[PDB]
Amino acid sequence: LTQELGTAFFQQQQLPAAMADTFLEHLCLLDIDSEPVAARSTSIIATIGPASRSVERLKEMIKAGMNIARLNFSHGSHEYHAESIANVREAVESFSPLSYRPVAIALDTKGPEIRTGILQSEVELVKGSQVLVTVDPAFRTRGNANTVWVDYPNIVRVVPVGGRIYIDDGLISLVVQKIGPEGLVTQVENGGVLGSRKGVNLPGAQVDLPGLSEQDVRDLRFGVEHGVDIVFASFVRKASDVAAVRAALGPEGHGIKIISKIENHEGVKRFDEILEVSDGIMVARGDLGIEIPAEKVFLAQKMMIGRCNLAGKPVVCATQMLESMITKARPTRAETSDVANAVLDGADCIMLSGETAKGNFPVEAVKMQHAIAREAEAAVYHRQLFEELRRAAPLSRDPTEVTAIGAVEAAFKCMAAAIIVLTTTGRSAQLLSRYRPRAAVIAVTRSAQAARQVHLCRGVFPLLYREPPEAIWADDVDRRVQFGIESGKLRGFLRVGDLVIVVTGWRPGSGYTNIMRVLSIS
Amino acid sequence: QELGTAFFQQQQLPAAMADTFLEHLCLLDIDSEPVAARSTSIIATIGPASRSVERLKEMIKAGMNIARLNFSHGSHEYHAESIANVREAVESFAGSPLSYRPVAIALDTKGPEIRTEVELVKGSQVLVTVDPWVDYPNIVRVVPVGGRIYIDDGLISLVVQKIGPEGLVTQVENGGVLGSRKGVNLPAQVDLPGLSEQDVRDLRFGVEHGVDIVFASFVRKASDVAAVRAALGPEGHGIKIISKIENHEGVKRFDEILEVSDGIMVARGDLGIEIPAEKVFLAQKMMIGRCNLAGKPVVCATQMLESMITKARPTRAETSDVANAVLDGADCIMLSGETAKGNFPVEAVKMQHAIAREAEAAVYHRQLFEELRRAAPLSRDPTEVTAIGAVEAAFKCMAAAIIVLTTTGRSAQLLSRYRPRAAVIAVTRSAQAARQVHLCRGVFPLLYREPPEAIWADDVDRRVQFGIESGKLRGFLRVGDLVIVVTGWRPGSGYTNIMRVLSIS
Amino acid sequence: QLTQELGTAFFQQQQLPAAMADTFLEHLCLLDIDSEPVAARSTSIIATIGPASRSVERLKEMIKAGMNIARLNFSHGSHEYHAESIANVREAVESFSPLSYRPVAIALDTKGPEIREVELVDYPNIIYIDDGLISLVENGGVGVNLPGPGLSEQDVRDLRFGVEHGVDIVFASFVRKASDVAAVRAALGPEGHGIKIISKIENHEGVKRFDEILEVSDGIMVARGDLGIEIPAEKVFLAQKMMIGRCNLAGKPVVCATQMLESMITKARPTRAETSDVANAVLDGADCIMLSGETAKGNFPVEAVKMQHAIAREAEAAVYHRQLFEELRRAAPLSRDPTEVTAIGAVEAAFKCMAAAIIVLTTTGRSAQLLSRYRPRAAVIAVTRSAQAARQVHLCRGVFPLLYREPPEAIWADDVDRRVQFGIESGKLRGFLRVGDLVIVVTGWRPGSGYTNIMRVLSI
Amino acid sequence: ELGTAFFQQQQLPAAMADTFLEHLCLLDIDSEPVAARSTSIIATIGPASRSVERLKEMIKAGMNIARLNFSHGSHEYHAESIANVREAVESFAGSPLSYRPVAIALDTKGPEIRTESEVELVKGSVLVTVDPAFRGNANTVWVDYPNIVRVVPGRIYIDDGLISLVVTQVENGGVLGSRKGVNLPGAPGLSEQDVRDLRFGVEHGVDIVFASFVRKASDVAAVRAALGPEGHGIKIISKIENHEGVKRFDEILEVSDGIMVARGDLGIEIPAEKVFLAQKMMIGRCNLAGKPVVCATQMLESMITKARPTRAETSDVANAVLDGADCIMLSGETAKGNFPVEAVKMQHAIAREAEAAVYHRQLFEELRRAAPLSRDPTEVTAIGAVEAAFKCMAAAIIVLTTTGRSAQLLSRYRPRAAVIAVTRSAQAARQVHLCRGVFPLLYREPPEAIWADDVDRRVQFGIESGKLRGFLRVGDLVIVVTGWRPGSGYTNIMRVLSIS
Ligand SMILES: O=P(O)(O)OC[C@H]1O[C@](O)(COP(=O)(O)O)[C@@H](O)[C@@H]1O
Ligand SMILES: O=P(O)(O)OC[C@H]1O[C@](O)(COP(=O)(O)O)[C@@H](O)[C@@H]1O
Ligand SMILES: O=P(O)(O)OC[C@H]1O[C@](O)(COP(=O)(O)O)[C@@H](O)[C@@H]1O
Ligand SMILES: [Mn+2]
């Protein structure tokens with residue numbers, strides 16, 4: 001034993017469960033009185049909307065743990081989103097270099113959306129009643145309790161008699177009874193309050209929408225123009241869908257990370273080819289749980305998180321994680337469970353939508369995800385996870401890859417408080433994070449954009465280094481390492497007496513990481 | 001491999017053969033359809049939405065296995081009617097002995113409940129008084145300054161500022177809109193009796209009405225379980241006691257509670273107010289793990305498909321929660337408001353059924369069996385020895401079922417504790433044992449109604465054949481399947497000691 | 001734990017503390033020289049017959065010391081010589097209650113393509129000599145091997161002689177390929193179809209074509225002597241461990257052979273390397289271990305047999321069943337064969353309750369063999385009416401054959417029961433079983449081989 | 001991954017196996033060893049191996065440690081053996097890049113009891129007498145242990161336990177020679193003689209002491225005291241040779257630098273068939289503790305008179321390596337036999353094959369688990385370096401070390417990569433031979449003015465010596481382990497380098 005740290009120390013952070021010999025025994029030893037210690041490592045994405053646009057609200061959200069701001073281009077004009085970007089940047093800047101928190105900005109594309117029209121504000125579609133789905137432009141604004149208009153003309157051709165049409169998060173359901181010149185005549189399977197311009201899903205259908213629409217292209221170029229850090233690409237179904245996105249971003253947008261949203265059957269089945277050309281993945285559960293049966297989504301989520309973990313690429317879990325918090329101050333027991341299990345599954349990021357975009361408790365929702373993620377991360381059975389990742393990852397002659405596993409192994413040996421890594425592009429930090437160390441990965445960089453983008457990786461804490469280079473390079477390295485230490489002390493990551501692992505390289509420029517050193521904090 | 005090319009793509013079998021848990025997850029396939037019968041039992045709570053005989057018939061057909069009676073509300077007369085209705089619905093299917101589904105009835109006690117539309121402003125001062133306000137006098141004694149009072153599923157909170165003869169004077173920590181007769185939680189030293197006067201009458205009622213199970217509220221320690229068992233008396237010796245773990249003490253004193261209980265319920269509603277909400281998953285996963293290890297039923301409860309009270313489809317987190325409770329190892333999953341009072345009680349049961357079926361197929365048996373087998377203690381008890389032997393055998397040949405004759409359910413429970421992929425088909429003459437075994441994942445009770453053969457060995461064979469016949473009718477078994485048959489060497493319970501490998505003809 | 005009521009002394013024996021360790025390394029760290037073996041020795045001992053062990057009286061002492069299989073080395077001696085050896089073994093075996101009768105197998109070891117006092121400073125189609133001592137580089141010093149023919153005429157004649165005298169096993173010398181095994185099976189003829197064929201792997205080609213050879217063989221011998229000349233001596237252990245592993249996986253007997261206790265040819269006690277070599281052969285997973293010169297011509301034949309027995313017993317207790325069972329289990333394929341399914345259920349069950357034995361009824365040995373392959377700690381007590389199957393199952397580790405002599409009862413179920421009781425009484429007398437023990441009993445649903453499908457848990 | 005041929009060698013196909021059983025099944029006689037032989041070879045000095053000419057051939061054959069058996073020979077005899085070893089070793093010092101440090105170990109006589117007509121003891125029929133007037137016949141046995149009468153009353157073993165007695169009757173008879181070893185299983189510390197032998201050892205700069213019949217921790221403290229202040233840097237290897245040593249193993253290992261499984265005596269003191277249990281146990285616990293362990297006695301016994309070993313002897317050598325022995329030893333085979341050099345070459349050939357057959361996947365996982373957390377930077381750097389070496393199939397781990405300790409901490413994890421240890425301490429270079437897979441390079445140049453330059457220069461020496469010896473080739477990856485300041489105990493850096 002080691003009374004160097006204290007008896008108390010080994011009772012915290014689920015350490016008694018960490019040393020179990022089987023997963024089952026690990027579960028049996030989890031302890032509600034064992035308090036988390038490590039800094040929360042899972043990234044929190046918060047969607048911007050009326051409830052979170054204010055600069056003052058955004059500062060509270062950043063303080064609560066928001067790492068990435070999501071702009072939902074399904075709604076709002078370019079000017080609206082420009083203002084969103086503006087407020088985030090002002091919140092971020094209006095807080096010492098040692099305490100600065102970068103926040104990334106992600107553009108979530110509209111994609112192949114089918115939507116109903118504006119009624120003549122709320123109507124009801126009685127169960128059993130008959131409703132006409134029309135593409136007749138005359139009925140564009142003539143929507144009512146028996147007549148639904150949709151903005152997808154070819155719908156009348158892709159939905160056969162008997163086919164189903166979902167409206168508003170798949171809540172309203174219609175089954176096609178008769179196809180005619182006027183449109184699909186259907187019977188309301190499940191009724192409800194239909195509003196204006198609601199989402200439509202055609203599960204079985206062979207939808208013929210572009211994939212990257214003319215609008216999407218304009219939105220993406222807007223993103224490049226305003227320096228967004230990440231793009232969440234909607235309805236990615238194949239490698240060529242990601243190429244389209246890359247192309248639309250152009251020469252100037254080559255540094256933007258592409259996270260492919262998997263939202264339908266084809267995307268799940270062509271996952272491998274998609275992950276191969278993407279920077280990361282979003283499990284987009286909203287559309288996915290309508291496009292495939294709701295009861296199969298967890299299988300897709302667990303499979304996708306697993307393959308991303310193997311590949312060392314960021315994966316996001318999204319949609320309805322704390323839904324009830326849109327109107328209530330506390331989440332349901334299923335929602336807390338869902339956040340915790342997403343972390344335990346292996347997610348790099350978890351996301352909030354309505355909860356922060358439009359609900360009454362946006363800051364509370366961020367705080368709740370932070371509290372859950374922190375408990376969950378301590379409950380991860382590193383013994384099994386590290387060993388399985390280690391044995392699956394392939395032999396490597398890349399010195400950055402070799403140094404990373406050595407560093408994470410070393411960290412586990414001494415209960416390192418942190419691994420401090422210098423990085424130009426984020427990569428050295430990324431290859432560390434993929435082994436899921438318990439130690440915080442403190443990444444020191446001069447690239448403001450890499451500092452934002454690295455928030456996609458679990459357990460990476462970016463520090464933006466602002467000072468001009470020293471005349472002597474080895475001196476410049478050492479100074480950044482010290483910046484990382486002093487930042488970590490300030491933020492409560494590090495204490496005098498802690499051991500850290502320090503990861504650097506042998507020459508300037510990206511790609512030369514090759515050194516690990518074991519340092520005591522003084 | 002042999003005799004099935006399409007067979008090995010289904011039921012997540014490609015993932016089943018994975019060499020590591022990570023590779024197993026990576027191999028899960030949305031196109032791999034479940035084959036096995038759904039094995040996790042579904043508990044539905046009876047209420048206005050699910051109390052009529054016609055609605056109960058639809059719920060039985062949708063998959064409900066246990067009917068829960070919530071004694072926090074309703075008179076004895078009301079509950080007697082609920083029970084009569086469940087029994088009427090259940091026996092409406094009795095005409096088909098081969099296709100008949102036993103349904104258990106569980107009485108969920110009221111327990112030590114404390115109760116109280118105007119809005120409580122935050123920062124303001126509210127007056128808590130037991131002067132004819134909460135229905136619990138000693139509240140003004142068990143709360144020290146700066147201690148916390150939760151009201152209304154923990155949505156509203158208060159801290160004590162002044163302790164006076166007019167009551168407890170408190171400010172509003174978390175404000176909200178109050179209401180009437182709303183639940184109060186005090187996370188601290190409540191003296192409220194382990195078992196109230198009302199609780200004792202309710203348990204007597206349960207016994208007089210032949211309930212199969214008691215869910216005991218707020219079990220804190222072994223002695224609370226003994227009090228329930230005393231209250232049930234000699235007439236109720238056969239009733240299973242499931243201890244509800246709902247607060248910090250219960251979680252801490254879990255082992256002693258488990259040792260004297262028949263099983264456990266993770267009562268996440270109160271638990272999530274009594275301890276911080278973000279810790280409940282830790283308690284859930286730990287309690288399920290320990291129950292699996294001990295071979296005792298564990299129930300996951302509360303708010304699993306909450307939004308289906310008003311919506312036709314659940315949220316993404318709700319489906320995830322159900323699937324993960326099954327993957328955690330829960331024997332049963334539960335529905336409350338979703339069936340008691342909601343607009344979609346039958347749809348709620350059907351959704352749990354569909355999710356559980358998918359989740360069950362995703363279980364990584366290779367690791368689970370190895371870990372349960374190893375952690376379990378050597379035993380010279382023939383029923384335990386036979387069970388592990390039978391489960392090993394079923395795994396070896398991908399048996400369609402293990403058919404077991406049981407008087408008390410015990411031989412079936414012992415099979416269940418190892419999580420076979422094979423369905424455990426339990427043939428019994430005991431109506432009550434047939435109902436109670438629903439507490440065990442993957443046990444499918446068949447009630448045998450024929451009087452004994454003169455020759456005991458012939459009577460055993462008839463019952464095994466009954467097992468096979470119902471199995472075929474229900475789609476558990478088909479010609480060319482292998483089954484494991486578990487029996488005993490003499491009549492009477494406790495003598496199970498034989499397993500046989502049979503081909504279905 | 002709870003079963004501590006079976007004794008605190010009980011769980012300190014047969015390396016049980018090492019048994020429950022969670023890693024192999026921890027298992028080694030817990031091996032304990034004061035933890036005494038309990039189970040009957042399970043690895044079979046094969047003793048070569050020669051001038052030191054022809055005596056009926058000597059053979060009786062050897063059977064008593066633990067010899068299970070008598071090996072006739074047809075590399076030397078006329079047919080009449082071997083017929084006399086066979087005669088003596090049989091008379092020793094028979095001149096001993098049916099409850100204690102120990103069957104002894106007889107194996108014929110073929111001569112093979114052999115090639116045969118100065119101080120060097122018969123194959124016409126014509127370089128090591130004398131056990132590879134002299135070569136070749138060039139190691140002049142005081143039997144020839146050419147690392148760079150087939151089923152001889154003599155071999156064919158010997159094999160026919162083997163069938164005439166009802167030998168139980170053939171060890172086929174220098175098997176290099178599947179067709180070599182077919183030639184042996186041919187020479188044995190219709191009348192020899194029941195004789196077990198153990199292929200001797202003795203050169204490079206045989207090691208390289210191991211898989212196809214094992215597929216058509218009943219088992220394998222690691223013939224160290226020629227092997228260690230045909231390939232570099234320092235590579236033999238690799239061949240041995242590989243072949244033993246694959247036979248284990250396949251569930252077919254494998255024999256380790258050759259200089260296992262060599263020094264005991266002239267000395268009363270073996271060397272430290274020798275005791276180590278025997279224990280490691282058992283730990284590797286060998287079904288049988290063999291003695292050659294040690295029993296054929298040496299001065300301490302009975303002592304050699306006793307020494308292998310003593311070492312084997314200690315080493316079997318030291319097997320890390322946790323890992324072995326798991327690995328065999330995970331490696332063996334799903335099976336719809338009821339005997340296979342029953343066998344794994346019985347061994348699991350035996351492990352659950354620390355069964356004293358698994359008692360199995362068998363006609364051909366098969367049911368006992370499929371139990372054997374999972375390497376249970378419990379003794380496999382196999383009851384058979386076939387005297388030949390009773391001898392042949394000595395090839396399988398952990399199988400104790402009992403030869404049942406009574407004619408069948410009128411009611412088959414009764415005859416089954418009677419044989420099960422025969423197993424129990426035999427096991428009691430021999431000290432396998434004690435009142436209060438649990439045994440696993442494995443039987444079948446109809447008479448005749450191939451219908452094993454039942455496992456029962458019984459207390460004595 | 002360059003070359004399908006590369007992955008056929010060094011039992012790599014078996015290395016990748018998912019279970020131990022499958023690893024065994026994949027072992028391949030055609031898969032040639034690549035790595036340098038890593039298990040250390042101890043040869044005993046005797047008439048067959050004493051001359052400078054023979055010792056040179058022995059060094060070339062692979063002897064790493066010369067053992068001096070103080071059970072026989074005078075101080076003058078052993079001083080000559082030491083001088084001879086040193087002359088032979090320094091005959092190669094002219095090539096700093098390819099020179100092989102050889103350790104000298106003193107093996108104490110210990111509490112030995114001894115008894116050329118050669119009479120015969122007939123079974124069933126003997127007088128065990130200490131009457132000092134006997135110089136012994138077919139019924140008369142005199143022993144140099146006066147207290148024998150009081151202590152035994154009970155079996156008495158003579159001559160490597162070949163003869164036994166139970167005044168006594170013969171239980172196991174045989175020919176009895178002159179002055180034979182006597183064993184008394186089931187009940188004097190350090191000899192006045194042992195004390196002089198140890199003082200002699202220190203005065204002659206021996207590197208290691210093999211202490212005979214260590215029964216408990218105090219026996220080791222006694223050796224340490226006898227070595228005194230000038231002998232503080234000498235490694236103490238405790239010989240476990242009887243029942244009490246085995247039962248008190250843990251307390252002995254705690255205070256020892258290492259262990260020898262002395263199978264000769266152990267095989268007489270406890271039943272012969274139990275020794276393998278003692279061996280595998282002791283090796284496991286030493287591997288666990290990260291301390292060297294030696295397997296000894298009769299490993300290639302027949303080679304005393306034969307040019308080639310038996311099949312059991314080769315198996316014994318290979319299994320000792322597979323068990324986890326850091327060192328293997330030859331006694332009579334080199335001290336007095338006809339083929340001392342051939343014995344050394346044979347252990348080298350076998351060890352090399354066995355090392356390739358080690359299932360690192362499981363071994364590294366198990367050693368890593370069972371090992372305790374450490375906040376010692378040398379221990380933390382070592383596991384990170386070994387993990388990194390495994391990740392890239394590094395050809396070597398080059399480590400700078402003053403005392404050998406940083407190299408030892410690398411060795412305890414059993415890397416496949418050779419541990420090339422560069423040191424200025426001649427004695428540390430000899431002493432690291434006790435650790436499997438450490439290859440000591442003695443660096444002889446005076447310190448650079450600038451310490452960082454001196455460090456770099458020594459790493460380069462490491463690389464150049466490595467290329468000459470065949471450890472390293474252009475395009476290989478190496479892990480370099482160094483420290484942040486001069487002096488022992490400051491190792492804290494690992495670097496991944498390409499060999500140009
Ligand atoms: O993670 P990346 O992008 O590969 O960058 C790591 C690089 O950072 C460094 O530590 C220092 O680089 P700079 O001085 O150019 O910022 C290099 O040694 C190393 O190659
Ligand atoms: O699981 P339980 O309750 O112990 O009952 C198992 C019992 O069932 C039997 O198979 C048949 O018993 P009955 O004929 O008395 O119903 C017995 O052989 C065995 O002891
Ligand atoms: O293994 P040891 O005995 O602790 O020696 C390692 C030492 O060698 C060094 O690498 C160099 O030390 P020197 O320059 O003093 O030889 C140190 O940085 C380190 O502390
Ligand atoms: Mn979507």
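Chain naming here is simple, since letters A, B, ... match the order of the sequence lines and numbering starts at 1 in each. Any value given below was found using the heavy atoms of this structure, including those in side chains, with hydrogens, waters and symmetry copies removed. Both counts, for ligands and for their atoms, begin at 1 and track the order of listing.
- For A:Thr504, no nitrogen or oxygen atom sits less than 3.5 Å from a nitrogen or oxygen atom of ligand 1, counting backbone and side chain alike.
- Atom CZ of residue D:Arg405 and atom CD of residue D:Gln431 lie 15.0 Å apart, to the nearest 0.5 angstrom.
- Within ligand 3, counting atoms from 1 as listed, the ones closer than 4.0 Å to a heavy atom of D:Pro486 are 15 (O).
- The part of A:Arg480 lying near ligand 1 is the side chain, judged by heavy-atom distances below 4.0 Å.
- Against a heavy-atom cut-off of under 4.0 Å, A:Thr513 is close to the following atoms of ligand 1: 6 (C), 19 (C), 20 (O).
- Applying the 4.0 Å criterion to heavy atoms of D:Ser406 picks out, from ligand 3, the atoms 1 (O), 2 (P), 4 (O), 6 (C).
- At least one N or O atom of A:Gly511 sits closer than 3.5 Å to an N or O atom of ligand 1.
- The residues D:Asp454 and D:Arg458 are annotated as salt-bridged, a charged nitrogen and a carboxylate oxygen being separated by less than 4.0 angstrom.
- Proximity to A:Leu422 (heavy-atom distance under 4.0 Å) selects the following atoms of ligand 1: 6 (C), 8 (O), 10 (O).
- D:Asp326 pairs with exactly one of D:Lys291, D:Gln408, D:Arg412, D:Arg414 by the side-chain hydrogen bond (donor to acceptor under 3.5 Å, both in side chains) rule, that one being D:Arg414.
- The protein non-hydrogen atom at the shortest distance from atom 5 (O) of ligand 1 is A:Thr424 N, 3.1 Å.
- Short contacts between ligand 1 and A:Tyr512, defined as distances under 4.0 Å to a heavy atom of the residue, involve ligand atoms 20 (O).
- Of all atoms in ligand 2, numbered sequentially from 1 with element shown, those under 4.0 Å from a heavy atom of B:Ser493 are 2 (P), 3 (O), 4 (O), 5 (O), 20 (O).
- Close approach of ligand 1 to A:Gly505 is summarised as follows: ligand atoms under 4.0 Å from at least one heavy atom of the residue are 10 (O), 18 (O).
- When each atom of ligand 1 is checked for a heavy atom of A:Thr425 under 4.0 Å away, the hits are 2 (P), 3 (O).
- Across D:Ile479, D:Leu477, D:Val480, D:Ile398, a single residue satisfies side chain to side chain contact (heavy atoms under 4.5 Å, CB included) together with D:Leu497, and that is D:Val480.
- If you take CG on D:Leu434 and OG on D:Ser40, they are separated by 6.5 Å, rounding to the nearest 0.5 Å.
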Exercise for review: For side chain to side chain donor-acceptor pair (under 3.5 Å), just list the numbers for B:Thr408 and B:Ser493, CA-CA rounded to whole Å, side-chain angles, deciding distance to a tenth of an Å, and then say yes or no.
Suggested key: CA-CA 7 Å; B:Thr408 72; B:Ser493 96; 4.7 Å; no
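- Neither the backbone nor the side chain of B:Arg429 has any atom closer than 4.0 Å to an atom of ligand 2 (non-hydrogen atoms only).
- For the atom pair CG (D:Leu442) and CZ (D:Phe461), the distance works out to 7.0 Å, reported to the nearest 0.5 Å.
- Near D:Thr401, meaning under 4.0 Å from one of its heavy atoms, ligand 3 places the atoms 1 (O), 2 (P), 3 (O), 5 (O), 6 (C).
- To the nearest 0.5 Å, atoms CD1 (B:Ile468) and CG (B:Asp461) are separated by 9.5 Å.
- Near D:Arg485, meaning under 4.0 Å from one of its heavy atoms, ligand 3 places the atoms 17 (C), 18 (O), 20 (O).
- Looking at D:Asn492, its side chain never comes within 3.5 Å of a backbone N or O of A:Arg517 through a donor-acceptor pair.
- Note that CZ of B:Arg429 is 13.5 Å distant from CG of B:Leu446, once rounded to the nearest 0.5 Å.
- Looking only at heavy atoms of the protein, atom 15 (O) of ligand 1 is closest to A:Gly509 N, 2.9 Å.
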